[PDB]
Structure formats: C-alpha cells, structure tokens
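Let me begin by handing over the structure; questions about it come next.
Which chain is which? They are A, B, C, D, E, F, G, H and I, in the order written, and residues in each are numbered from 1.
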Amino acid sequence: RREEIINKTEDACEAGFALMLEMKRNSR
Amino acid sequence: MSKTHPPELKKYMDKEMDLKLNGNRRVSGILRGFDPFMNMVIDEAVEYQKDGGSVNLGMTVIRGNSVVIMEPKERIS
Amino acid sequence: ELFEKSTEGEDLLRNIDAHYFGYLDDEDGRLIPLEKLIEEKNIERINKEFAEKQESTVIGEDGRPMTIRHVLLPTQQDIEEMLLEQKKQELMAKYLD
Amino acid sequence: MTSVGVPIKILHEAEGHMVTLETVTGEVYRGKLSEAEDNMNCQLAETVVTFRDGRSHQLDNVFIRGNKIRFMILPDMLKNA
Amino acid sequence: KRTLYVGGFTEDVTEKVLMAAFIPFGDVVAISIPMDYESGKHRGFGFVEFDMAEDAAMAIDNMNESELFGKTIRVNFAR
Amino acid sequence: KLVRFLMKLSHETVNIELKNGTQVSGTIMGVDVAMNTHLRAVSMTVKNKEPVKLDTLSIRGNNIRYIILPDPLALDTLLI
Amino acid sequence: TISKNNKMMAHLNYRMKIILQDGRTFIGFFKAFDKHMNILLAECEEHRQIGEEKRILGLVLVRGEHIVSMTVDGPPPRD
Amino acid sequence: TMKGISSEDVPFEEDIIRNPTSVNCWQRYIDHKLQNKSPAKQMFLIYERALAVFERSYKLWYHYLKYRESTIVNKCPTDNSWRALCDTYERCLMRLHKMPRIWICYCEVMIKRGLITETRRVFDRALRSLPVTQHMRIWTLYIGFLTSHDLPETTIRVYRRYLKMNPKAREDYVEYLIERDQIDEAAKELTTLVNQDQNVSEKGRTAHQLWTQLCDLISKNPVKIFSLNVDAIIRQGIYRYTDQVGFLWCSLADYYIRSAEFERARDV
Amino acid sequence: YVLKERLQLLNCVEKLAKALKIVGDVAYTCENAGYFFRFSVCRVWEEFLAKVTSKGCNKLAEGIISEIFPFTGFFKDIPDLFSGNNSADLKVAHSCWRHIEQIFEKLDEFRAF
C-alpha cells in the first residue's frame, strides 16, 4: 500500500491537472 | 461402464444337439459347459465322417472362438 | 475468511407484481426514437453483410393496434368436389378407351 | 450422467425382429433375433439357411460370436429411430 | 425415450385432461396414471407414452414447468 | 513412432494393395492417427478386371495389405 | 468418411458404393455412424457374379472391417 | 387460377376427405408432397388446410412455422416475406400461447428481422402469456437481445423488471451498466448489492469487496456521478474499516483531486 | 367487484361464442376471450360491414342487414332488434357492436387480475 497510495495519487494529479488546464483555458 | 452378462445358457444347456463343422462334417452330442472364455464342452458325442464311418467321442472339448454352430433336437419352451 | 469458507462447507414468486408484468414502465415514450435510430443502422448492417453474400385490424394484447392476415383458402368442401370432377374425367376416358 | 452406447441402443431396437446374415462359407441365413452383447456376440432363435445352388434347411438356434464373423443385416424398423 | 413422466398436477386433471393436453404434441398411444388404492385418488403423477420419440421431446420442451389448472407440472422421461 | 507417420501423411501419392489382389493408386488428404485412409483422384486396378478411374475413394487402413510410398517423402523424420 | 464424426456428417445425403471381400459391389444410402465404423445402409442394391444377377434388398447395417473399398459419388437423393 | 389437382397425390387428398380423423392422414399427405420435392407455395396451402382442422396441434404448427422460416431464409430480412411469417406466428399463438417454444421461435424471428421497437413488445406479451415458471426461457433471450445493442434506456427498465424474479443477475446488471457508461446507475445498484448482508454474492464477492468496488467506482469518476454523496460514503469507510484508514483518507483526497477541487483536497 | 364482474363478463363471452357456434374453451380466461374476440368476433364483424359497404348500399335487398347481422343470437333477449331499413339498421348494428366491443375492452383491462 505504501507504493500503491503514492503512485495512484500521482496519476490523480496528472488526470487532475490536465483537466485543470482545460478549465483554465475555457474560462478565457 | 457396465458391459453385459453371458447369455441365458441355462435355457439351452443339458439338451441333446447336433453340431456342424467346416468341411461338411456332422456331430451329434450332449452339451454341458460354460466359462467366461465362452468355450463349449460336449459329451457322449458321435461323429459322422465325410471319408469314413462313425466314432464315439469321449468327453469332448471345443474351443469357443473357433467353432460355434448348433442344431438342437428338443424344442425350446 | 472462515465465513468465506462457510459457503464451502454449506422465493421469487413473492416479488412478482404489476411492475414485473410491465404495466408501469411505458408511459414515457422517449424510448422509441432511440430505438428507431438503432433499428435503421441494423437494416443497413444486415444489407451490407448480405451484399457480399383477408386482413383485420384490431386492438392487440398490449393495447397497441395490430393486424391479422387471415388465410383465404379452399376449404375441404371445395377441394373435395374439385378432385371429384378430375377423377370422373379419367374414369370415363378409361371406360370408353 | 451417461451418454454412451449409441449403437447398443440401435442394436436393442433391432431385437425381436428378423435379420439376414452371411457367413465366410458363403451361404446366407435368415433368422429372428433376440440377443445382444457389447462384444457383438448375437444369438438367433428360429432360422432358415439357403445355399447358392438350391438347397435350404431350417434351424431352431444359431449363436454368433462377435469377433470371428461376417456382418449381419438389421431390420428396416431401425430407420425410425 | 418414448414414455414421459408427468407429475405435480391437481386432482381435477383426469386421464382425459392429460390426453387433451398432450395430444397437441403428437399421437398418444397410452396413458397410465398410477392411482393410490388407499385414497382412491391419483398420487399427482401420471405417465404418457407417445408413438414417436420426437413428439415426446417436444412435449418436455413445452409442458415442463407449465401450469395445469394453476399448478406447475413437471414433465420428464420416465426412469 | 509409427503413429506419427500416419497422422502426418497427407497430400503425397501412394499405391495401395488390398486383400483381394487389388491395386489402387490415389492421393491422400486426411489428418488423423487411426490410419483411416481417404483418397482423392484415384485409379483402380482390380485382379482380373479392367482398370477404372475413381474421383474419390475411402479405405479402412487396417484392411490395406501394403502401401507403396513416393520418392520425395522423407520418411526418416516422420518415423522418428 | 471413415470413423471421423465430422467427416461422417458431411458425406450424408449422398449415394455411396461398397465392395466386399467376395467381389460383390453394393450401392446404398446411409444415415448413421458408429465411431468403431459401423454404418446403416438403406435402399441398397447388390450385384452377383456367377453371368450377372441383381437383387432388390431390405435395409442393412454394415461393419467397416468387412469393407474393402468405399467411394462416394451421387446426385441429390430420394427420401 | 385457384383450382388444380394432380394425377398422383389425389389418393392422399381423397383419403383425408373420407378419414378426417387424425393428423396422420395429413402427415402422409405432407410427407408425400415433400418426397415429390414439390413447390413451397403448395406446402403452405396443405399446412394451413391441416391447421384449419387441427388448429391446436403443436406438431403441425411447429413444423409449418419452421417450414416457412426455412424457405424464406434466402430472402433479405427486410423483405415482406419475413413480415408474413410474423403474422403467421400471431395466428399460431391464438391457439398455442401457452407453449413456450412458439414464443421463443417468434422472438428469434423478430431478432432475425432486426427490428427492435416491437420485438420488445412481443417479449412483453410472452411474459404476460406464459407461466412465471417458464419465464427464464424468455428473459435470457430478452436481456440477450437488449444487451446486444446500444439501447441503454430500454435495457435499464427491462432489467429492473427482470431482477424482481432473478435478483441474482444484479451483478451482471452492474457489469452491463458500467460497459454502457451508466456509472451513476451502476453505483446505485452496487449500493443495493452492498445493502444485502449475504456473506458472498454469486460472483464470489463479499460485501466488503462489493463496497470496495463502489469506493473504486465512486472516487475515480467524480464528474460522472451525481446521486451519491461521495464524501459521505468514503467517510463511512474511515469509520468501521479501521485497518485501511490511511488508504481511505488518500482515496477521499484522490476523488477531490480528480474533481480538480484542490482547496477541498487540502482540507481532506 | 372486479373479480365478480370478470366472471359475469366471461359468461357473456360464452353466450357470444354459442351464438357464433364456436366450440372451444374461449370463456375460460380473459386471455382466451381476447384471442376469441380478435380472431373470430372481429373477423365476422368485418365480414358483415364488407357486405353492407361493397354491395348493401346499392345492389342488395332492403332489410338484408336483418339477415346478415351475425350476433342476432347474442341479443336474443331484445325483441325487434332490427326494423327492416338498411339505412337505419346499420346504425343499431353499430350500436350492437359497441356493446360487444365494450365487453372485451373491460376484459382486457381485467387481465391483470
């Protein structure tokens, strides 16, 4: 779980921040 | 699986019958024998030869795989 | 895990209701236009795969109008006299000739 | 469950009716059949034999061993099965 | 393969009703309903023999788990 | 083992001999180990009979007296 | 044709010819297969060599061990 | 013209006229007419004539309906000949509506025609008409037809009917809904599964494993889910599931991070 | 009430089948009665309207509607059902049909019971 929980919250940032950039552009 | 039992030989055993052999030979004999190998045992039998007279066969054994042809004199009931 | 092993060692009739028989599912009607769209692509799909190779009108069982195509046919009486006339022709032909 | 013995089911259906068979000696037999075995041994009760010239004889019993024989002709009724 | 076992029917199902039910599937040659001698009524089961084995197979594939007079009948090959 | 040759044996041309002094020539197209022999494009030469041609023939391999095998068939790899 | 079940089914509904150990030739329809190569032959005709002779026959079952040669060649059948 | 008699099947026709007593008199006629290798249009007539006498015979109906389907099989399913076959099943069902094979064969024919809108209706009739003990033969076709197509809204309503008689299929309903991206409905049915206290489901999953599949589904799809207080259910896992508290706090934050709600992610 | 009325309606279906000389268990259930209505009662009714419309308007005898109307045996408890005027008798004939049709409409709703 030490390896599970870190690496699966890393892609979560990747999926999250990719979406955040789409939101930050659509606001323009 | 299951396979099958030997025939109901009891219905035909101990009767008097004539037997036929290759080469047109005739035998008359009483039969009383059975085994898992399905051989035949003949007793008090007499042979009718194609090239001679007749002789009496004393307690005769016949291998079951070789020959099996029978003619009985008593009607089955 | 012993309960996970417990099944290894080891009633619909009371729930049938008006919803089960579909009395309470079809008042909406928005299903049909979606069904239509899939239904036509099916017709095209079978055509492409194949390309390489009295009436009565009545209210039906489900309340929606249907049609019955009753068969019209000679019943036994009409065909009985039809074969009668046929067999008389060959009999009289054979009797004279 | 068991699913085996398809010819045996057909062979059981052939029992009780009349069969024709030929032997290595060349003559033809006609007989009524009611005995069957997995090893193809068969027995006929009441039988008529006819030779390829003009002689015929009647036989009350004939026993057939399934492994040193020519093949037998089975009744038509089996086609219904 | 030609004889069927029918079980689970109501007391109103007579031999004529089973004859009526199973005739749709084929020619019925005989019906046998073992009656219980102590009660004078049937044991809720009866046999039906068809002329053709194919007709018996069609009877199973439709009549098994059918309702006959409001009770679910079981139809199977008589062992 | 001999069972490997019978199952692999296909497409080649062979001459076949039968118990009644009969000779057959046919090409094989079959895949099984039980020696069941199926022939296509067949020529037949029975003892005391005129030769005849057959489009297809099927023979119980156990009945065959002997089979004659063609030159390019490398039997050594099939026999192993 | 011989033994193999899937091949057996394909050859059905065709006219098939048989030759046996005694020189007779037979032609018949068949719709049966035993994996030990026993087949049921229907509507058969036999030819005999003394001269020449032909006989009309009843329905037959054949054992593959006796069969010397078998070939398949026929038009659409009769029922 | 409408009249015409052969020279060769007149004995069978006359035999029926004198012996109107059994299907066998027609079967000898029908069986004879096939050995002649006769035209299909004549066969339909003899069958419909026989079925005018013996309208409750399942054998003649089943044979006739399958003979129609046999001779029409070379025509495209769009053709009106396949429509005429369905109208024949309606006339058959007006006698044999309690025989399941006729309903099944009718439904299979509707699938071969490829129509959807009233194929579903034929199925709904079969359920009303047959005994409930026969319905499992229908449902495995009915659901199999629907789940072969991209028909989410219809299949939903038909499944929640089906699960009233076979609730054990709810596992397969969830798997369907996930494949059709009905994630909110799939999570609704998972909660219905987790609310059942049986130690294991028929797919071999215990309630804790079913609840883990819910927490998986619900955290990794923040945008697609609306009916569930995702935060509330995951905190109901920090409660009770004391052996995975550290995992579930991260799983709750993972949900918010995927929602891009980074402020509430920091709160968690 | 629904159970009671369903039984009395099925007795009318039996009475209707008797008037039609139709033999069979058509009154056994609403489902049997519904197929009886669609296949048999409606067919005979449409076969009546065809004779009126295709011929009865201008090339059949006056009052023949009193002969060709099929359900006369069902309304046997009404005397003088048809007066002998095709232009008028067709209206009461339609009124007779709505009485029969209303019976089966009620049954088709009672099938759920």
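A few points about this structure:
Please note the rule applied: a residue touches a chain if its C-beta (ideal position, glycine included) is under 8 Å from a C-beta of that chain, and two chains touch if they have at least 3 such contacts.
Summed over C-beta pairs in contact, the chain pair with the top total is C-H. When every chain is reduced to the mean of its CA atoms, the largest separation from chain C belongs to B.
Note on chain placement: the centre of chain B and the centre of chain G lie 35 Å apart, centres being C-alpha means. If you average the Cα atoms of chain D and of chain I, the two centres end up 67 Å apart.
Here the spacing of chain D and chain F, counted between their Cα centres, is 33 Å. Once the centre of each chain is set as its mean CA position, chain A and chain B turn out to be 96 Å apart. Multi-chain contact residues, meaning those touching two or more other chains, do not occur anywhere in chain D. With touch defined as above, residues shared between interfaces to two or more other chains in chain I number as follows: 38-39.
Remark: chain H residues 34-35 touch chain G in the complex.
Listed in rising order, the residues of chain D touching chain G in the complex are 6-7, 10, 14, 20, 26, 70-76, 78-79. By the touch criterion stated above, chain H contacts chain E in their complex at residues 22-24, 56-59, 62, 96, 98-101, 131, 133-134.
Every residue of chain G that touches chain D in the complex is listed here, in rising order: 22, 31-32, 34, 36, 38, 40, 42, 58-63, 65-66.
For chain B in complex with chain D, the touching residues are 1, 3-4, 7, 12, 22, 38, 64-66, 68-72, 75-76.
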